[PDB]
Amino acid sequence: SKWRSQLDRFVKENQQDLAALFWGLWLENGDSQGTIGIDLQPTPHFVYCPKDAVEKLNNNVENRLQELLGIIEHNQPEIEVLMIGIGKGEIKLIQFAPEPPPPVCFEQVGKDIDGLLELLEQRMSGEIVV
């Protein structure tokens, strides 16, 4: 369960980059692919999590985050980032309202979602570690 705190510290340190990626992918997909996830195994990587899959994962007794689907539906992406971390079947909610807001974060990085994704995954590989 130590991964939850490691991921939480990574998120606190990388809010600008995560917000830029969040907004860029949202510009591409909205919620049509589901929620942005970080699957920590075999190494941390971004994945899309369809709503139906999130709900079934959360209904396991190891999770049961109360009203999670409502939290996902109510998150306002132009103000706030939401993702989920997944480690050995267990969900950790990632949510924060960054400064500047996600659309500005994305404009500051430019049109390089692929490079941002690679950078965040390379960083995560040494920063969420068993």
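When you see a residue number, it is the position in the sequence shown, counting from 1.
According to the PDB record, 88 to 96 carries the higher mean C-alpha B-factor of the two stretches 75 to 83 and 88 to 96. The stretch 114 to 122 shows the higher mean C-alpha B-factor when 15 to 23 is compared against 114 to 122 in the entry. Compared with the other modelled residues of the chain, the Cα B-factor recorded for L40 ranks in the middle third.
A53 sits in the highest third of its chain by CA B factor, as recorded in the PDB entry.
Among the modelled residues of its chain, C105 has a C-alpha B-factor that falls in the middle third according to the deposited record.
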